[PDB]
Amino acid sequence: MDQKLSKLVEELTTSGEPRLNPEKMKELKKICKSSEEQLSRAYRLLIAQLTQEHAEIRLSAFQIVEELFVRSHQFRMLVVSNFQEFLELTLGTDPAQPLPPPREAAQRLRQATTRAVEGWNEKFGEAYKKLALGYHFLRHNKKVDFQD
Amino acid sequence: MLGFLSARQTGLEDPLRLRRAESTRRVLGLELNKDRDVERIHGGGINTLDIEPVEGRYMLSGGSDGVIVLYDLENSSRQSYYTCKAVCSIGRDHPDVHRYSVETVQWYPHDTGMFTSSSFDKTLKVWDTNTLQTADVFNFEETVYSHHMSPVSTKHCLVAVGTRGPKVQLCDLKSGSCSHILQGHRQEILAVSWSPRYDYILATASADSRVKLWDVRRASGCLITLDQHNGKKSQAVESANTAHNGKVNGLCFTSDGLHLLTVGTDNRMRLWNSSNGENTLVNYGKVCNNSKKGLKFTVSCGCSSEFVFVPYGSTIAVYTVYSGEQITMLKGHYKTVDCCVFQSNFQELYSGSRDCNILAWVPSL
Amino acid sequence: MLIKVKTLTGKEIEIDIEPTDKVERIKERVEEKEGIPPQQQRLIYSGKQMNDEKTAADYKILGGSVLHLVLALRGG
Amino acid sequence: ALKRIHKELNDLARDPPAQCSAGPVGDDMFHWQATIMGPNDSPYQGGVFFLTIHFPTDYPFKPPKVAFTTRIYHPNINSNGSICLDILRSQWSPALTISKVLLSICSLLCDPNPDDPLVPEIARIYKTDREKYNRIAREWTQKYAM
Amino acid sequence: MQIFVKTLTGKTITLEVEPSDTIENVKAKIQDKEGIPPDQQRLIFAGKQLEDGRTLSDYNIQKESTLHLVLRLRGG
C-alpha cells in the first residue's frame, strides 16, 4: 500500500498549488490514519521532499507536516525526534543551508512556519519540552521576528 | 551488575571497585534528560558554570548579558520530574551588576559563603552568597577572559586573572594587592588554571600558542614552557616551544593534578605532563573549536577511566583522557557550547550554551 | 474589626471579625449576611487570593479594610 | 516618589475600585501585585487575572511596568503576560493613578484592537472569526482564571 | 435621577442624567463640569467602554451607580 501513498503525496507536492486540494488531502488523512508505520512512511516522504530544491515543494511538504502535527500525536513525537533538522530545513537558520527559490514561496514558508511553530509552542509545548527548546532558540538565538 | 554487588558483599573486591565501575557505567550511559530542567533566566548565552566544590548543591552561571544566576540542583519537589529553580540572581537591576558578559564565576574555595566573578567590564568582584553584595572589586586596565582560584591552597588566596594584556595578574582576596604580575607571555591570556595538587603551580594558556606553568613563588619567570615535539625540533625559547598551532584557549588539569589537558584553536587536544611539560602523544583525534575566548571544559572524578568533557562545536564530546578514544557525542544544543561542568557526586553534566539554555545531562536507567 | 466585603456589583457587605479569625471564619460570616456558602467564595484582599488556612492577622487586615469577593460557580 | 505611592495606597484602601484590587506584595512599596476580575458580559466572566506592577524611581512622571502573571488570551497581551497600552508606554500621564491604569486594562480586556497587535496570530482569528475567539478565550479563562 | 462619576483628579462629581440621555451628552457634561475634551474621556462601567453613540439605559445603569473616568488609550 506504499505505491498509492507515494503517488498521492507526489501529486500533492509537485503540483505547486497555493492551497491544498481538499479531497486528495482527505484521502491522505484517511490512508495515513490507516496504519502507523505508513504514517511514518509519509513522514519520510515529507522529509525527503523538504531537502529537495524548490520553495513551493518545501511549502507543500511543510503544510502537510503541519496538518499531521495538529492531527497526529505520534507524528509530534516523531518530528520532535529531529526538530533540529526540521528547523534547519524550514526556517533556514543555518546560513550554509538557505531556502531554495522562488522568493515568494520561501517568504510564505518562513511566515507559515513561524506561525505554525507559535501554535505548536502554545498547544504542545508542555508535552514536548524539546519543542520549547526549539521555540526559545528561535526566539532569542536566531531572533526570529514572530510579530512579522 | 549483581556480580559486583555479590563481590562487594563477600569482601572479594574492595567497595572501591563497585563504586568506580558503576560511576564509569553511568558516565558511559550519559544522555540528555527531559526528566529534569534548568530554568531559563539569561538573556544571552551562558559563558560559565561552576558547581560548588563541597556538597555539590548550588550552581552559578555567568550569562553573556551580565546576570549571575545561582541555581539549586536538589530535587526539593516530590515528583520524578522537576526543574532546578534559581535561588538568587545578580540581575541587571542590582546596583553592582556586571555591565558586560560574565565569563567566569567560581566559588571561593573552602568557603561556599563567597564566590567570585569577572567580566569584560574589566572588573573582578568578590560576591557574598548570602546577601549578594560585592565584598571586594578589583578593576583592571583591560578585559578579563578568565580567572581561577586555587582549589587546594589553604595558605594563600591569590587569584590568577588572565587579561587581554600579555601579563598574568595575581589578585589577592586577602589584603588587596594586584601588584604581583607574571611576565613572559606575548599576547592575550585566554585561560589560566591553578594546579589542583601543588599550591603555587599556575598554568596559563595564551593566544600565541604557548602554555606555561608558573611557580608563583618564583619571581624570575616560569618553570616550564610546553613544546609540541618534546624538544625534537630544538630551538632556543624566543620564538619556539609552541603548545599549539593557533590560539590555545583552554586548560584543565586532570583530577589527580598529574596532567594538564590543553585545547586550542588548531583543533587538537594534548595531554601534557604537568611536571616537565612533555606531551604524552595521546591522539584524541580532531576536536573542533573556533571560540575566541576562554573555552571551559572539565574532567570526571571518581571513575575507573578518567573522562574529559570538551565543548565540541554545538555538542559535548566525551573522550577518555589516557587513551584518546571518543566515548560518544552528547547532542542536544542549538548553538555553540561555551561551558560544561561535571557534577562529581552523581555523574551529572550541566552544559550552558549560547542559546540561553543550560541542558542537564544525566545517566540512563 | 470590621471588614466590608464588597463584591462585583458594588454592594458592600459589612462583616465583623476578631483579629485572629481564620479566613474560613470570614467566608462563613459572609455566608450568613450574603448567602453564598464558603465553598464558592474566592476572597481577594489587595491583590492576594486569601488562602483558607491563614489567619486574618497574617494579611494585616484592619478596621474597614475592604476585601473583594468573586464567585467560583464550580466551587467543588 | 514614595509619598505618591503612599497616597495612592491609602486612597485605594479607603475607596477601592469596584472590580480591582492592588496592594504591596511585601516590604518594598514599589512592587505591587494587582488583580483584574474579568468584566461581566465577556468571555472572561468570573475570571481573576493577577498582574504584577513595578513602579519606577520617579513613578509620578514615568509609567509603571505592569505585566500579567495569569496567562491571558488577548491580541494585545503576549503569552509572556506583557501589555502594550499606549497610555503605559508613550502617553503616560501622572494624573492617571494605579486605580485608573488597572481599570483601563480591565476595560481593554473587552475592547482589543487587532490592528497593530502584539500577537498577530490571535489578531487574525479575532479579526476574521469572533465566534471562535469567544470560545478560545473562554477556555483559557476557565483553565487559568478560575 | 443622578449618577456618580469618579474624575481623574481623585475627586468625585455627581451628574444629573436621564436613562434616555446619550453618552455624548454625558461626556459634554463631564466637559463643562471640569473640562477634558469629549474625545479624551473613556468612561468605564464594569470594565466596559461607554460607547459614544449609546445611552445609559443600554448599559443597565441605575441610580447611585458609579462611572469611572480615565484617559483615552488604544491597543498595541
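Residues numbered from 1 in each chain as written, not as in the entry; some residues may be left out. Chains lettered and ligands numbered in written order. Part of a larger assembly, values for the part shown. Heavy atoms only, no water. Residues with missing side-chain atoms left out of burial classes, pairs and counts.

Its PDB record attributes the structure to cryo-EM, giving the resolution as 4.4 Å.

Enquirer: Is there a simple way to explain the sheet that holds strand 2 (residues 13-16) of chain E in this structure?
Expert: Think of a sheet as strands paired side by side through backbone hydrogen bonds, with each pair either parallel or antiparallel. Residue and element names in this part refer to chain E. Ordered in space as 2-1-3, the three strands form an open sheet in which the pairing is mixed. Looking along the sheet, the strands with just one partner apiece sit at the ends: strand 2 and strand 3 (66-68). For this sheet the average axis-to-axis angle between neighbouring strands, irrespective of direction, equals 35 degrees. Of the pairings in the sheet, the one linking strand 1 (residues 2-6) to strand 3 comprises three bridges and is parallel in character. Bridge pairing in strand 3 places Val 5 opposite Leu 67. (Pairing = 2+ DSSP bridges. Helix = DSSP H or I, 4+ residues; strand = E, 2+ residues; numbered from the N terminus. Axes fitted to C-alpha atoms, helices over the stretch in contact; angles between N-to-C directions.)

Enquirer: Honestly, the interface of chain D and chain E in this entry has me stumped. Any pointers?
Expert: Frequently, the measure chosen for interface size is the accessible area that the parts lose on association. If you look at the interface, chain D gives 29 residues, while chain E gives 18 residues. With both chains or domains summed, chain D and chain E bury close to 1800 Å², and 55% of this area falls on carbon and sulfur atoms. At the boundary of chain D with chain E, the tally comes to two salt bridges. Residue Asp 116 of chain D is joined to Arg 74 of chain E by a salt bridge in which the shortest nitrogen-to-oxygen separation is 3.6 Å. Our enumeration of links across chain D and chain E arrives at nine residue pairs in polar contact. Sorting the residues of the side of chain D that touches chain E by element identifies helix 2 (86-89) and helix 3 (98-108) of chain D as the ones contributing at least two each. Per-element tally for the side of chain D that touches chain E: the top contributor is helix 3 of chain D, with six residues. Here the side of chain D that touches chain E is composed, by residue class, of 13 nonpolar, nine polar and seven charged. (Contact = heavy atoms within 4.5 Å. Buried area = accessible area lost by both parts, 1.4 Å probe. Salt bridge = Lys/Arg side-chain N within 4 Å of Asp/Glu carboxyl O. Polar contact = N/O pair within 3.5 Å; in protein donor to acceptor, adjacent residues only side chain to side chain. Nonpolar A, V, L, I, M, F, W, Y, C, P; charged D, E, K, R; others polar.)

Enquirer: Explain the interface of chain A and chain B here, please?
Expert: With 11 residues of chain A at the interface, the matching set in chain B holds 11 residues. Among the residues chain A hides against chain B, the three largest losses belong to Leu 133, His 136 and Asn 141 of chain A. Together they make up 48% of the total. The interface formed by chain A and chain B contains six residue pairs in polar contact. Split into classes, the residues belonging to the side of chain A that touches chain B amount to three nonpolar, five polar and three charged.

Enquirer: What's the story with the arrangement of the chains in this structure? I'm lost.
Expert: In this assembly, four pairs of chains are in contact, and the pair contributing the most contacts is chains D and E. Of all C-alpha pairs spanning chain C and chain E, none lies closer than 8 Å, and the two are not in contact.

Enquirer: Explain the nonpolar core to me, please; I cannot follow it from the model alone.
Expert: Side chains of nonpolar character tend, in soluble globular proteins, to be buried together. By size, the foremost hydrophobic cluster in this structure holds 61 residues, and its most contacted members are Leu 50, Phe 75 and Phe 86 of chain A together with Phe 309, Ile 316 and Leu 349 of chain B. With eight residues, the single largest contributor to this core is helix 4 (residues 55-71) of chain A. The contacts of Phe 309 of chain B, once residues within four sequence positions are left out, are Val 27, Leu 30, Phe 297, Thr 298, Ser 300, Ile 316, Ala 317, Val 318, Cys 340, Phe 342 and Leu 349 of chain B. Counting residues in hydrophobic clusters, the runner-up holds 49 residues, among them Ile 87, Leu 88, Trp 92 and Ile 125 of chain D. (Core = buried A, V, L, I, M, F, W, Y, C linked by side-chain atoms within 4.5 Å. Buried < 20%, exposed > 50% of the residue type's maximum accessible area, 1.4 Å probe, protein only.)

Enquirer: Is there a simple way to think about the packing of helix 3 (residues 36-51) of chain A against helix 4 of chain A in this case?
Expert: How two helices pack is summed up by the angle between their axes together with the distance between the axes. All names here are of chain A. The geometry of helix 3 relative to helix 4 is characterised by a closest axis approach of 8 Å and an angle of 150 degrees between their N-to-C directions. Here helix 4 runs roughly antiparallel to helix 3, going by the angle between their axes. Between helix 3 and helix 4 lies a crossing whose hand is left-handed. Residues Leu 46, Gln 49, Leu 50 and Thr 51 of helix 3 lie in contact with helix 4, whose contacting residues are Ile 57, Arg 58, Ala 61, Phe 62, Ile 64 and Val 65. In terms of residue class, the contact of helix 3 with helix 4 is built from seven nonpolar, two polar and one charged. (Parallel < 35°, antiparallel > 145°, perpendicular 65-115°, else oblique. Left-handed = near helix turned anticlockwise from the far one by under 90°.)

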